[PDB]
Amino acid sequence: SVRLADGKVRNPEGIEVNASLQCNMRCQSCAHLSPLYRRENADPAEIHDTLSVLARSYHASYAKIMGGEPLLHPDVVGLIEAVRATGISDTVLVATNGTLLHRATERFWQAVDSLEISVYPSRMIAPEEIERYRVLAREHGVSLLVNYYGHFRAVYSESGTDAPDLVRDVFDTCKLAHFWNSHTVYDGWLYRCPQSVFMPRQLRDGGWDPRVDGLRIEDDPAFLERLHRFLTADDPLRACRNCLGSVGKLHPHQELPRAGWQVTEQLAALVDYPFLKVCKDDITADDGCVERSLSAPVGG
């Protein structure tokens, strides 16, 4: 999907910037493991500098400001403008669980190009407030997407697999690595996915340094080539051996207590093997997590 053109790596999807690693929700199987993270809000100046370096060799269709809950950031509009100023993307998208959206000001609605709201059963957003948000979106020329989630899929385990065939299959079918292109910027490094950077240091055994799976963003004389090779590499990451990619077992969406939130079951027992077969045939196969989706795009 990713191509090299006019001196830059072109991602048809988005570059992901996590405004906040923490969240106000405790969803089971959170892909960013946000329930395990204390407050950590990205610095707009640092993000601007890092993305400015990356943007000389990289362009994406959109920048996705997300994380745990980006509306927890003390100055999300400043972050939005820091990202926009680099020109690394065509548009800027914010993804939120919506629980704090009633506090967003006119500044927020004027700052974003697109808004993605996840609506979860335990924090249901009333349909009249969704309608309020759709009206606000149309008024400010913001493309709106509202996903009503019924299920989540398992994402990781502390007890990883030593079976290379299974890790190969999980990597090959991973939507984050190959279809969604969830390129993630964190602390000056670029990653193929949020799992490879956010899950290793949250293993209670201590894990490992996630930078082994990353690429340092720098003014290297060959940075374009290094970037292209990193983003088109076809070998499983170290983190793959503790991850379920896109084929983890389905479960009803629910929040868990913080105590005991981490997953210890052996990774092989958490694979949805029929779905792994299906995704081996078609990596775009719907994961069955979104029950329904509302889209109100801006067009013309």
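Each residue number is its position in the shown sequence, starting from 1.
**Q** Decide which of the stretches 243-251 and 28-36 has the higher mean C-alpha B-factor, going by the entry.
**A** Stretch with the higher mean C-alpha B-factor: 243-251.
**Q** When the Cα temperature factors in the entry are averaged, is it 40-48 or 232-240 that ends up higher?
**A** Higher mean C-alpha B-factor: 232-240.
**Q** Among the choices 220, 81, 116, 187, identify the one whose CA B-factor in the record is greatest.
**A** In the PDB entry, the greatest C-alpha B-factor among 220, 81, 116, 187 is found at 220.
**Q** Out of 142, 215, 101, 176, which residue has the highest Cα temperature factor in the PDB record?
**A** If I rank 142, 215, 101, 176 by C-alpha B-factor, first place goes to 215.
**Q** Going by what the PDB entry lists, where does residue 207 fall on CA B-factor within its chain: lowest, middle or highest third?
**A** As the PDB entry reports it, the C-alpha B-factor of residue 207 lands in the highest third of its chain.
**Q** Would you mind checking where the Cα B-factor of residue 64 ranks among the modelled residues of its chain, as the lowest, middle or highest third?
**A** According to the entry, residue 64 has a C-alpha B-factor in the chain's lowest third.
**Q** Sort the modelled residues of this chain by their C-alpha B factor and say whether residue 89 lands in the lowest, middle or highest third.
**A** It belongs to the middle third of the chain when residues are ordered by C-alpha B-factor.
**Q** Split the chain's modelled residues into thirds by Cα B-factor; is residue 268 in the lowest, middle or highest one?
**A** Highest third - that is where residue 268 ends up once the chain's C-alpha B-factors are sorted.
**Q** Once the chain's modelled residues are ordered by C-alpha B factor and cut into thirds, is residue 121 in the lowest, middle or highest one?
**A** Answer is middle: the recorded C-alpha B-factor places it there.
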